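Okay, so here's the structure we're looking at.
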Amino acid sequence: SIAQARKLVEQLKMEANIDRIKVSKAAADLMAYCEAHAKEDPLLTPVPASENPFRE
Amino acid sequence: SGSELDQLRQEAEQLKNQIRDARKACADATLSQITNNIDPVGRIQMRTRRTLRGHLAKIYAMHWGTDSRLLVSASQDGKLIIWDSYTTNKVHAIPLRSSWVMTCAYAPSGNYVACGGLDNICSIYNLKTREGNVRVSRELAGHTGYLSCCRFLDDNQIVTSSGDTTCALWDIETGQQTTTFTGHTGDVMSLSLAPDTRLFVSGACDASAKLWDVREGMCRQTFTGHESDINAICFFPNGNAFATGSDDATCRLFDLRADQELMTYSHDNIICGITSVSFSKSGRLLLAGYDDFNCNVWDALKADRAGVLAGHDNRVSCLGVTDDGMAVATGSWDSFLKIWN
Amino acid sequence: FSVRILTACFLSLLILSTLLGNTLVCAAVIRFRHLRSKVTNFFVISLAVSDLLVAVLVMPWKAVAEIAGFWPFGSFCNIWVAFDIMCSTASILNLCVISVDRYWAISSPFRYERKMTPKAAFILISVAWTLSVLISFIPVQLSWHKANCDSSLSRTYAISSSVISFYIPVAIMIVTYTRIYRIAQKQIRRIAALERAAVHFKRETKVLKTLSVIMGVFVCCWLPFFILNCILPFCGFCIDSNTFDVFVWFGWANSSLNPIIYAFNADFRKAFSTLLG
Amino acid sequence: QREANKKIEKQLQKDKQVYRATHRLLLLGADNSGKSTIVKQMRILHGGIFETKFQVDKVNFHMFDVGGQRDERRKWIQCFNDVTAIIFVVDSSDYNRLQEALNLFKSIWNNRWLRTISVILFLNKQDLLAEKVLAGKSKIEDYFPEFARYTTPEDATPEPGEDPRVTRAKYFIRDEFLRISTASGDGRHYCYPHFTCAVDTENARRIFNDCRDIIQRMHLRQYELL
Ligand SMILES: Nc1nc2c(ncn2[C@@H]2O[C@H](COP(=O)(O)OP(=O)(O)OP(=O)(O)O)[C@@H](O)[C@H]2O)c(=O)[nH]1
Ligand SMILES: NCCc1ccc(O)c(O)c1
């Protein structure tokens with residue numbers, strides 16, 4: 001168990017020293033990517049059956 | 001004290017509390033507070049447009065093509081069927097050696113198919129073969145556990161997930177594990193490649209998800225929070241977020257750059273486990289497959305449920321959205337696939 | 001008066017309960033395809049349809065004629081009595097089938113999963129319904145049962161339609177359920193051997209409870225009417241029209257109870273719960 | 001068009017019914033228990049390899065042995081929640097890994113995903129057990145002192161010429177596994193013990209009989225009879 005403890009500490013030290021951003025910015029980018037493509041998602045806004053290959 | 005093992009346990013817990021502090025530093029708001037002013041997507045009522053039959057047992061995997069037209073399906077009858085979703089016709093029906101297949105992938109060129117299972121072997125078949133019938137082309141051996149998922153990078157790179165709690169990047173021709181990713185305690189169940197092939201995440205039975213750097217072979221982030229084993233995972237179409245579903249009847253959305261959980265999707269009336277997850281084309285909609293024969297549609301921004309998909313007669317084992325967002329497919333334990341839009 | 005209006009309201013409640021239970025069964029089947037998925041469920045649907053016909057067609061007119069005392073639809077009632085003979089006979093018939101079904105699934109489980117294809121299920125349902133319609137309509141429209149609406153059939157028709165419609169199904173059902181009892185007693189004894197060995201009556205009482213409930217409700221509900229239907233035209237010791245009418249109502253009462261005794265599996269319970277909420 | 005639809009739906013209906021009619025049996029048990037030898041023998045005498053497909057009396061079976069080699073074989077086993085029965089094989093002649101086998105059996109019998117899967121217990125390698133019993137060199141009481149106070153059951157049906165020591169040994173192992181199997185209870189699943197050796201040939205009639213019993217008891221508890 002001596003090797004796995006050195007490996008657990010070194011992995012946690014590598015994962016610990018990351019720089020994190022604010023949740024506000026993560027949500028603002030998600031909202032921007034959402035509304036930037038919202039009008040093009042057929043599953044959200046149903047597209048008329050004419051351009052639907054399974055309805056025409 | 002003095003024994004470096006107990007001191008490593010102490011520095012470990014110290015690091016977990018430094019991580020909790022580094023998480024609360026960026027934990028300034030909640031997703032609900034940010035998205036309280038958005039409008040709900042409204043009622044979304046998709047209907048079954050096709051039903052693809054032929055399979056003799058419960059289906060376990062499906063994968064759209066890049067053309068959003070072809071897809072591969074795996075049943076426990078020893079078959080790997082390729083479907084033309086427009087006409088519901090089968091283009092090929094490849095019998096497999098081991099009938100307990102658990103995953104299948106589709107090369108972005110449409111040139112190769114993959115599959116694997118309890119044989120701990122990933123078999124690649126060239127669909128663009130030049131004579132007779134599609135047959136085995138390559139076969140990647142080396143895992144001491146069952147292959148649960150595999151995905152192509154290109155026609156010669158594929159990443160696999162196995163029951164030896166490790167992931168590996170392979171050179172299909174040479175059959176060598178070009179890169180090994182270790183660190184999970186339990187069985188790694190699912191992987192999802194980033195839209196730029198550069199990264200991928202994996203969910204294991206140690207109630208943890210891990211983000212792996214493809215080119216460097218190191219684990220970048222480890223996320224926890226689920227009380228059970230994580231069974232499914234998928235990237236947000238943007239590439240900076242992903243969702244997980246677990247046996248504890250809960251879905252959780254994590255962000256990579258913030259290094260903590262962002263949102264939890266659950267209802268006190270949903271008690272069955274969860275088998276598959278997938279984002280919409282814009283990532284605004286999150287689809288999750290439950291054992292209760294239903295598909296729950298969550299609003300990936302407000303955590304509110306926006307729709308249900310009651311169209312299968314048995315447990316939904318898998319699902320997948322087209323890459324163009326034109327339709328969604330669902331594979332279930334009724335030996336049927338259903339397209340919804 | 002008080003008795004007349006009370007009989008009226010109770011009978012209307014009986015009819016409404018029959019309709020609700022059986023329409024709930026047919027709807028719970030049609031709405032949920034995972035209940036319609038198996039094959040044994042087909043026969044239960046047949047039973048529900050038989051009881052729904054009893055309800056909508058036969059019962060209310062007899063209740064009105066019992067209240068008012070006179071048959072108002074007139075030339076109709078020939079048909080009515082035919083319908084009566086038919087529906088109250090597809091019901092008993094259907095029970096027989098369901099019982100035999102269960103037997104095939106317990107005395108030879110392997111042969112069952114192989115041989116019972118939905119084609120054989122439809123053949124059995126067809127046998128039930130065609131025996132009913134044949135033996136019912138044909139002698140009415142041909143006026144063979146005849147030598148306010150006169151329901152007195154005839155001495156030979158009584159015995160004939162009775163032997164068929166009741167005494168063959170009750171024989172088959174008693175034989176079948178007693179065979180199932182022998183088998184269940186065997187399996188309990190085996191499990192008891194193993195469990196007593198490991199650790200080194202109640203479940204038998206449970207078997208008795210369920211078999212007695214099933215077979216005993218059917219018999220104690222239909223049998224008196226049919227021993228009367230046997231003796232009365234013969235004895236034209238004897239009884240009166242009112243008693244014959246209440247024992248008739250017992251017969252149609254089985255038609256009310258059938259859903260609760262044949263369609264309360266746990267999944268059936270949850271389907272009802274998710275329909276009504 | 002119409003006749004293509006007719007030929008397809010009826011061939012696919014017969015194949016769907018056939019797969020529905022094949023009884024999958026999962027083989028589980030420690031290694032050094034002759035599991036692979038039993039599957040190899042079935043492949044030989046009726047028709048080793050990871051898989052086996054064999055028919056008894058027009059009844060199809062599919063026997064599978066999983067070689068994933070781990071402890072919580074959840075996903076590798078919870079994908080096989082619909083098998084008719086689990087054949088648990090145990091090397092009765094390995095006196096010290098028997099507690100390991102018992103613990104694994106306890107974890108299987110109380111598994112959350114097998115609450116309804118009945119298990120057929122094969123106590124394999126009885127000939128080696130008789131050899132060890134006649135040798136009298138490694139006694140079970142040294143590992144399980146309870147065997148000292150154990151009494152041969154009065155319901156035992158020994159084969160002609162069986163040493164009471166051997167009878168007591170094999171029925172002791174039987175009751176050691178039955179003590180685990182009878183706790184859980186709940187009537188959702190049962191254990192069917194069998195004394196077997198690798199050369200026994202009726203080891204198909206036993207699996208047939210007991211799959212039939214499992215189906216009988218499922219049909220009984222379905223109609224609330226049992
Ligand atoms: N004398 C005797 N030997 C047996 C019997 N059954 C199995 N063996 C031996 O025990 C060994 C262990 O069996 P294996 O073939 O390894 O099967 P297993 O150990 O249960 O599982 P694997 O190791 O994966 O094959 C075999 O090599 C057989 O030679 C038996 O009934 N009698
Ligand atoms: N409700 C009684 C209808 C009926 C049905 C069958 C018979 O044999 C019979 O004599 C009378």
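Order determines the names: the first chain of the structure tokens is A, the second B, and so forth; residues in each chain are numbered 1 upward, and ligands are numbered 1 upward as they are shown.
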Item to check | Nearby polymer residues, ligand 2, at most 6 Å, only C-alpha atoms and all ligand atoms, as a count of residues only | outcome: 9
Checklist entry - Would you name the residues within 9 Å of ligand 1, counting only C-alpha atoms and all ligand atoms, and put them as a PyMOL selection string? => result chain D and resi 28-40+48+65-67+89-91+124-128+196-200
Spatial neighbours of residue D:208, max dist 9 Å, only C-alpha atoms, sep filter under 6 positions, as a PDB file with N, CA, C and O atoms, in the first residue's frame:
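Contents of around-v6.pdb, as written:
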ATOM      1  N   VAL D  56     -32.106 -30.162 -24.743  1.00  0.00           N
ATOM      2  CA  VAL D  56     -32.632 -31.362 -24.117  1.00  0.00           C
ATOM      3  C   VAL D  56     -34.127 -31.395 -24.369  1.00  0.00           C
ATOM      4  O   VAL D  56     -34.848 -30.471 -23.978  1.00  0.00           O
ATOM      5  N   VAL D  59     -35.809 -28.576 -25.889  1.00  0.00           N
ATOM      6  CA  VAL D  59     -35.711 -27.429 -25.001  1.00  0.00           C
ATOM      7  C   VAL D  59     -34.303 -26.889 -25.075  1.00  0.00           C
ATOM      8  O   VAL D  59     -33.347 -27.597 -24.743  1.00  0.00           O
ATOM      9  N   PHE D  61     -31.001 -24.572 -24.270  1.00  0.00           N
ATOM     10  CA  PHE D  61     -30.292 -23.987 -23.158  1.00  0.00           C
ATOM     11  C   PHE D  61     -29.080 -23.277 -23.727  1.00  0.00           C
ATOM     12  O   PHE D  61     -28.483 -23.714 -24.717  1.00  0.00           O
TER      13      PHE D  61
END
List every residue of chain D that has an atom at most 7 Å from any atom of chain C, giving for each one its closest atom pair and the distance in Å to one decimal, counting only C-alpha atoms, sorted by chain and then by ascending residue number, as a Markdown table.
| residue | atom | partner | partner_atom | distance |
| --- | --- | --- | --- | --- |
| D:175 | CA | C:198 | CA | 6.1 |
| D:178 | CA | C:198 | CA | 5.6 |
| D:179 | CA | C:198 | CA | 5.5 |
| D:182 | CA | C:195 | CA | 6.3 |
| D:212 | CA | C:109 | CA | 6.8 |
| D:215 | CA | C:109 | CA | 6.6 |
| D:216 | CA | C:106 | CA | 5.7 |
| D:219 | CA | C:106 | CA | 6.6 |
| D:225 | CA | C:207 | CA | 4.8 |
| D:226 | CA | C:207 | CA | 6.2 |
Item to check | Residue list for chain D near chain B as a PyMOL selection string, 9 Å, only C-alpha atoms | outcome: chain D and resi 9+12-13+15-20+50-51+66-70+72+75-76+79
Please, could you write that set of residues out with N, CA and C atoms as a PDB file, in the first residue's frame?
ATOM      1  N   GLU D   9     -41.856 -10.775 -41.641  1.00  0.00           N
ATOM      2  CA  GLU D   9     -42.433 -10.762 -40.310  1.00  0.00           C
ATOM      3  C   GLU D   9     -42.597 -12.166 -39.752  1.00  0.00           C
ATOM      4  N   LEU D  12     -38.990 -13.415 -38.737  1.00  0.00           N
ATOM      5  CA  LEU D  12     -38.583 -12.695 -37.542  1.00  0.00           C
ATOM      6  C   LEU D  12     -39.445 -13.055 -36.344  1.00  0.00           C
ATOM      7  N   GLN D  13     -40.682 -13.478 -36.566  1.00  0.00           N
ATOM      8  CA  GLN D  13     -41.488 -13.897 -35.435  1.00  0.00           C
ATOM      9  C   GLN D  13     -41.015 -15.238 -34.909  1.00  0.00           C
ATOM     10  N   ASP D  15     -37.901 -16.421 -35.175  1.00  0.00           N
ATOM     11  CA  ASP D  15     -36.626 -16.248 -34.489  1.00  0.00           C
ATOM     12  C   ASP D  15     -36.778 -15.519 -33.158  1.00  0.00           C
ATOM     13  N   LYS D  16     -37.693 -14.547 -33.073  1.00  0.00           N
ATOM     14  CA  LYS D  16     -37.900 -13.882 -31.795  1.00  0.00           C
ATOM     15  C   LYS D  16     -38.399 -14.875 -30.768  1.00  0.00           C
ATOM     16  N   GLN D  17     -39.337 -15.731 -31.173  1.00  0.00           N
ATOM     17  CA  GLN D  17     -39.853 -16.727 -30.248  1.00  0.00           C
ATOM     18  C   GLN D  17     -38.772 -17.722 -29.853  1.00  0.00           C
ATOM     19  N   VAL D  18     -37.886 -18.077 -30.783  1.00  0.00           N
ATOM     20  CA  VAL D  18     -36.834 -19.026 -30.446  1.00  0.00           C
ATOM     21  C   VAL D  18     -35.888 -18.428 -29.419  1.00  0.00           C
ATOM     22  N   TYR D  19     -35.404 -17.207 -29.652  1.00  0.00           N
ATOM     23  CA  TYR D  19     -34.534 -16.611 -28.643  1.00  0.00           C
ATOM     24  C   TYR D  19     -35.271 -16.471 -27.327  1.00  0.00           C
ATOM     25  N   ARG D  20     -36.566 -16.196 -27.386  1.00  0.00           N
ATOM     26  CA  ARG D  20     -37.333 -16.058 -26.161  1.00  0.00           C
ATOM     27  C   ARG D  20     -37.436 -17.405 -25.461  1.00  0.00           C
ATOM     28  N   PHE D  50     -16.092 -20.388 -23.719  1.00  0.00           N
ATOM     29  CA  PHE D  50     -16.803 -19.476 -22.834  1.00  0.00           C
ATOM     30  C   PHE D  50     -18.290 -19.785 -22.856  1.00  0.00           C
ATOM     31  N   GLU D  51     -18.783 -20.225 -24.007  1.00  0.00           N
ATOM     32  CA  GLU D  51     -20.201 -20.361 -24.279  1.00  0.00           C
ATOM     33  C   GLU D  51     -20.543 -21.826 -24.524  1.00  0.00           C
ATOM     34  N   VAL D  66     -18.507 -16.791 -17.089  1.00  0.00           N
ATOM     35  CA  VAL D  66     -17.862 -15.486 -17.167  1.00  0.00           C
ATOM     36  C   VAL D  66     -16.456 -15.518 -16.577  1.00  0.00           C
ATOM     37  N   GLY D  67     -15.477 -15.092 -17.367  1.00  0.00           N
ATOM     38  CA  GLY D  67     -14.078 -15.112 -16.978  1.00  0.00           C
ATOM     39  C   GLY D  67     -13.536 -13.705 -16.796  1.00  0.00           C
ATOM     40  N   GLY D  68     -14.356 -12.804 -16.248  1.00  0.00           N
ATOM     41  CA  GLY D  68     -13.901 -11.439 -16.014  1.00  0.00           C
ATOM     42  C   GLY D  68     -13.024 -11.275 -14.786  1.00  0.00           C
ATOM     43  N   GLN D  69     -13.111 -12.212 -13.839  1.00  0.00           N
ATOM     44  CA  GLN D  69     -12.166 -12.256 -12.729  1.00  0.00           C
ATOM     45  C   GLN D  69     -12.188 -10.997 -11.865  1.00  0.00           C
ATOM     46  N   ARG D  70     -13.280 -10.749 -11.139  1.00  0.00           N
ATOM     47  CA  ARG D  70     -13.236  -9.665 -10.160  1.00  0.00           C
ATOM     48  C   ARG D  70     -14.084  -9.986  -8.938  1.00  0.00           C
ATOM     49  N   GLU D  72     -16.872  -7.435  -7.222  1.00  0.00           N
ATOM     50  CA  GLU D  72     -18.207  -6.912  -7.474  1.00  0.00           C
ATOM     51  C   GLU D  72     -18.446  -7.024  -8.975  1.00  0.00           C
ATOM     52  N   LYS D  75     -21.857  -4.987 -13.123  1.00  0.00           N
ATOM     53  CA  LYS D  75     -22.175  -4.748 -14.527  1.00  0.00           C
ATOM     54  C   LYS D  75     -21.906  -5.980 -15.366  1.00  0.00           C
ATOM     55  N   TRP D  76     -20.910  -6.772 -14.990  1.00  0.00           N
ATOM     56  CA  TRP D  76     -20.676  -7.951 -15.794  1.00  0.00           C
ATOM     57  C   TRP D  76     -21.700  -9.010 -15.490  1.00  0.00           C
ATOM     58  N   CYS D  79     -26.099  -7.359 -16.289  1.00  0.00           N
ATOM     59  CA  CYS D  79     -26.531  -7.430 -17.680  1.00  0.00           C
ATOM     60  C   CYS D  79     -27.143  -8.774 -18.029  1.00  0.00           C
TER      61      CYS D  79
END
Per residue of chain B within 10 Å of chain C, which atom pair is closest and at what distance in Å (one decimal), using only C-alpha atoms, listed by chain and increasing number, as a tab-separated table?
residue	atom	partner	partner_atom	distance
B:311	CA	C:33	CA	9.9
B:312	CA	C:34	CA	9.1
B:313	CA	C:34	CA	5.8
B:314	CA	C:34	CA	8.0
Next on the checklist: Show me, as number ranges by chain, the residues that have an atom within 9 Å of residue A:24 when counting only C-alpha atoms, minus same-chain residues fewer than 5 positions from it.
Outcome noted: A: 29; B: 26-31, 34
Which neighbours of residue C:160 fall inside 12 Å, counting only C-alpha atoms, when residues of the same chain fewer than 2 positions from it are skipped, and could you give them as a compact mmCIF listing (two decimals) with N, CA and C atoms, in the first residue's frame?
# COMPACT_ATOMS: atom_id res chain seq x y z
N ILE C 135 -74.84 -21.79 -29.61
CA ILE C 135 -75.82 -22.43 -28.77
C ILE C 135 -76.88 -21.46 -28.29
N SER C 136 -76.59 -20.16 -28.26
CA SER C 136 -77.55 -19.16 -27.82
C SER C 136 -78.50 -18.70 -28.91
N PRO C 139 -81.10 -21.33 -31.33
CA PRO C 139 -82.40 -21.82 -30.88
C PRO C 139 -83.40 -20.73 -30.59
N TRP C 144 -86.69 -22.62 -30.71
CA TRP C 144 -86.77 -23.96 -30.16
C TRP C 144 -86.92 -24.00 -28.65
N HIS C 145 -86.66 -22.90 -27.96
CA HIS C 145 -86.72 -23.01 -26.51
C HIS C 145 -88.16 -22.93 -26.03
N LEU C 153 -87.88 -21.10 -20.36
CA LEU C 153 -87.39 -21.74 -21.59
C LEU C 153 -88.14 -23.01 -21.99
N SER C 154 -87.68 -24.16 -21.49
CA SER C 154 -88.26 -25.48 -21.77
C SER C 154 -87.45 -26.59 -21.13
N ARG C 155 -88.07 -27.73 -20.85
CA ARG C 155 -87.40 -28.78 -20.09
C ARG C 155 -86.17 -29.32 -20.81
N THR C 156 -86.26 -29.53 -22.13
CA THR C 156 -85.11 -30.06 -22.85
C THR C 156 -84.06 -28.99 -23.11
N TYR C 157 -84.49 -27.77 -23.40
CA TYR C 157 -83.50 -26.74 -23.67
C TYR C 157 -82.74 -26.38 -22.42
N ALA C 158 -83.44 -26.34 -21.29
CA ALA C 158 -82.80 -26.07 -20.02
C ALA C 158 -81.67 -27.06 -19.78
N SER C 162 -77.84 -26.02 -20.18
CA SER C 162 -77.19 -26.06 -18.89
C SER C 162 -76.02 -27.04 -18.87
N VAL C 163 -76.24 -28.30 -19.26
CA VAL C 163 -75.12 -29.23 -19.31
C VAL C 163 -73.95 -28.62 -20.03
N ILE C 164 -74.15 -28.13 -21.26
CA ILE C 164 -73.02 -27.48 -21.92
C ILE C 164 -72.48 -26.35 -21.05
N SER C 165 -73.23 -25.28 -20.88
CA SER C 165 -72.67 -24.03 -20.41
C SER C 165 -72.12 -24.10 -19.00
N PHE C 166 -72.72 -24.86 -18.11
CA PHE C 166 -72.21 -24.98 -16.76
C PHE C 166 -71.46 -26.26 -16.46
N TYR C 167 -72.08 -27.41 -16.62
CA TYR C 167 -71.55 -28.61 -16.02
C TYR C 167 -70.29 -29.16 -16.66
N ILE C 168 -69.96 -28.76 -17.88
CA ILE C 168 -68.67 -29.14 -18.43
C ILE C 168 -67.62 -28.18 -17.89
N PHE C 226 -78.22 -22.32 -11.48
CA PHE C 226 -78.29 -23.33 -12.51
C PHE C 226 -78.96 -24.59 -12.02
N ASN C 229 -82.50 -23.40 -12.64
CA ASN C 229 -82.72 -23.48 -14.06
C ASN C 229 -82.90 -24.91 -14.53
N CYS C 230 -82.25 -25.86 -13.85
CA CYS C 230 -82.47 -27.28 -14.14
C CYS C 230 -83.84 -27.74 -13.68
Item to check | Test item: chain B residues at most 9 Å from chain A, counting only C-alpha atoms, as a ChimeraX atom specification | outcome: /B:5,8-9,11-12,15-16,18-19,22-23,25-31,34-35,41-42,44,46,49-50,85-87,183,219-222,237-238,240-241,255-259,262,280-285,301,324-328,340-341
Same residues, C-alpha atoms, output as a PDB file, in the first residue's frame:
ATOM      1  CA  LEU B   5       1.636   6.383   5.479  1.00  0.00           C
ATOM      2  CA  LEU B   8       0.109  10.734   3.581  1.00  0.00           C
ATOM      3  CA  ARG B   9      -3.437  10.004   4.744  1.00  0.00           C
ATOM      4  CA  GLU B  11      -1.995  15.276   3.711  1.00  0.00           C
ATOM      5  CA  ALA B  12      -4.615  13.527   1.557  1.00  0.00           C
ATOM      6  CA  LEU B  15      -5.769  18.189   0.141  1.00  0.00           C
ATOM      7  CA  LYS B  16      -9.445  17.221  -0.021  1.00  0.00           C
ATOM      8  CA  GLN B  18      -8.051  22.479   0.168  1.00  0.00           C
ATOM      9  CA  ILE B  19      -9.998  21.177  -2.835  1.00  0.00           C
ATOM     10  CA  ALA B  22     -10.864  25.880  -3.970  1.00  0.00           C
ATOM     11  CA  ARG B  23     -14.339  24.704  -4.949  1.00  0.00           C
ATOM     12  CA  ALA B  25     -13.996  29.957  -3.932  1.00  0.00           C
ATOM     13  CA  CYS B  26     -15.532  29.536  -7.377  1.00  0.00           C
ATOM     14  CA  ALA B  27     -18.848  28.472  -5.785  1.00  0.00           C
ATOM     15  CA  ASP B  28     -20.173  32.009  -5.807  1.00  0.00           C
ATOM     16  CA  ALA B  29     -23.671  31.334  -7.181  1.00  0.00           C
ATOM     17  CA  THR B  30     -25.986  28.489  -8.129  1.00  0.00           C
ATOM     18  CA  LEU B  31     -27.251  27.577 -11.581  1.00  0.00           C
ATOM     19  CA  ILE B  34     -28.484  32.355 -12.826  1.00  0.00           C
ATOM     20  CA  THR B  35     -31.257  30.710 -14.881  1.00  0.00           C
ATOM     21  CA  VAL B  41     -38.650  25.411 -23.246  1.00  0.00           C
ATOM     22  CA  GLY B  42     -42.349  24.558 -23.099  1.00  0.00           C
ATOM     23  CA  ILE B  44     -41.930  18.937 -25.822  1.00  0.00           C
ATOM     24  CA  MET B  46     -41.915  13.773 -29.416  1.00  0.00           C
ATOM     25  CA  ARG B  49     -41.663   7.861 -36.026  1.00  0.00           C
ATOM     26  CA  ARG B  50     -39.962   4.523 -36.761  1.00  0.00           C
ATOM     27  CA  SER B  85     -33.072   4.962 -40.460  1.00  0.00           C
ATOM     28  CA  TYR B  86     -34.855   6.691 -43.332  1.00  0.00           C
ATOM     29  CA  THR B  87     -36.315   3.474 -44.745  1.00  0.00           C
ATOM     30  CA  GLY B 183      -6.598   5.583 -11.310  1.00  0.00           C
ATOM     31  CA  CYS B 219      -5.960  12.444 -15.209  1.00  0.00           C
ATOM     32  CA  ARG B 220      -6.829  16.125 -15.111  1.00  0.00           C
ATOM     33  CA  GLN B 221      -9.919  16.221 -12.888  1.00  0.00           C
ATOM     34  CA  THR B 222     -11.728  13.819 -10.568  1.00  0.00           C
ATOM     35  CA  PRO B 237     -21.804  20.030 -27.316  1.00  0.00           C
ATOM     36  CA  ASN B 238     -19.631  23.015 -26.364  1.00  0.00           C
ATOM     37  CA  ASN B 240     -16.645  22.431 -21.454  1.00  0.00           C
ATOM     38  CA  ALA B 241     -19.329  20.453 -19.615  1.00  0.00           C
ATOM     39  CA  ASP B 255     -18.181  21.541 -15.442  1.00  0.00           C
ATOM     40  CA  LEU B 256     -14.520  20.978 -16.249  1.00  0.00           C
ATOM     41  CA  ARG B 257     -13.164  24.509 -15.811  1.00  0.00           C
ATOM     42  CA  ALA B 258     -14.907  25.123 -12.488  1.00  0.00           C
ATOM     43  CA  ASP B 259     -13.875  21.707 -11.090  1.00  0.00           C
ATOM     44  CA  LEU B 262     -22.854  22.455 -11.373  1.00  0.00           C
ATOM     45  CA  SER B 280     -29.309  18.099 -27.579  1.00  0.00           C
ATOM     46  CA  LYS B 281     -27.614  19.829 -30.494  1.00  0.00           C
ATOM     47  CA  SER B 282     -27.270  23.073 -28.549  1.00  0.00           C
ATOM     48  CA  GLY B 283     -26.848  21.374 -25.191  1.00  0.00           C
ATOM     49  CA  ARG B 284     -29.881  23.221 -23.823  1.00  0.00           C
ATOM     50  CA  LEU B 285     -31.801  19.947 -23.523  1.00  0.00           C
ATOM     51  CA  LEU B 301     -30.120  24.975 -17.751  1.00  0.00           C
ATOM     52  CA  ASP B 324     -27.203  17.410 -36.515  1.00  0.00           C
ATOM     53  CA  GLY B 325     -29.903  17.306 -33.838  1.00  0.00           C
ATOM     54  CA  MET B 326     -32.561  16.239 -36.319  1.00  0.00           C
ATOM     55  CA  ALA B 327     -33.805  13.244 -34.330  1.00  0.00           C
ATOM     56  CA  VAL B 328     -33.118  11.105 -31.289  1.00  0.00           C
ATOM     57  CA  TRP B 340     -38.274  10.544 -31.837  1.00  0.00           C
ATOM     58  CA  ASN B 341     -38.742  14.107 -33.014  1.00  0.00           C
TER      59      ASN B 341
END
Item to check | For atom CA of residue C:275 and atom CA of residue C:9, the interatomic separation in Å (one decimal) | outcome: 27.1 Å
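Non-sequential neighbours of residue B:243 (distance at most 10 Å, separation of 6 or more positions within a chain, only C-alpha atoms) are residues 232, 233, 234, 235, 236, 251, 252, 253, 254, 255, 261, 262, 263, 264, 265, 277, 278, 279, 286, 287, 288 and 300 of chain B.
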Output for the residues just chosen: C-alpha atoms as a short mmCIF file (atom, residue, chain, number, x, y, z; two decimals), in the first residue's frame:
data_model
loop_
_atom_site.label_atom_id
_atom_site.label_comp_id
_atom_site.auth_asym_id
_atom_site.auth_seq_id
_atom_site.Cartn_x
_atom_site.Cartn_y
_atom_site.Cartn_z
CA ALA B 232 -23.23 6.97 -18.15
CA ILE B 233 -21.57 10.21 -19.24
CA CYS B 234 -21.57 12.54 -22.24
CA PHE B 235 -20.02 15.86 -23.24
CA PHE B 236 -21.90 19.09 -23.61
CA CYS B 251 -28.24 12.79 -12.78
CA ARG B 252 -25.52 15.35 -12.20
CA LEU B 253 -24.00 17.96 -14.52
CA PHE B 254 -20.36 18.84 -13.90
CA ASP B 255 -18.18 21.54 -15.44
CA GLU B 261 -20.64 19.90 -9.68
CA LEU B 262 -22.85 22.46 -11.37
CA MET B 263 -26.36 21.04 -11.25
CA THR B 264 -28.33 18.06 -10.04
CA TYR B 265 -31.26 16.59 -11.96
CA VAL B 277 -27.53 10.23 -21.23
CA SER B 278 -27.12 12.59 -24.19
CA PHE B 279 -27.31 16.31 -24.93
CA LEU B 286 -30.50 16.92 -21.60
CA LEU B 287 -32.04 13.53 -22.31
CA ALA B 288 -31.71 10.74 -19.73
CA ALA B 300 -30.05 21.38 -18.98
#
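When atom CA of residue C:96 is paired with atom CA of residue C:271, their separation reads 25.5 Å.
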Checklist entry - What are the DSSP strand (DSSP E or B) residues of stretch 12-206 of chain D, as a VMD selection string? => result chain D and resid 22 to 29 51 to 56 59 to 65 85 to 91 118 to 124 191 to 195
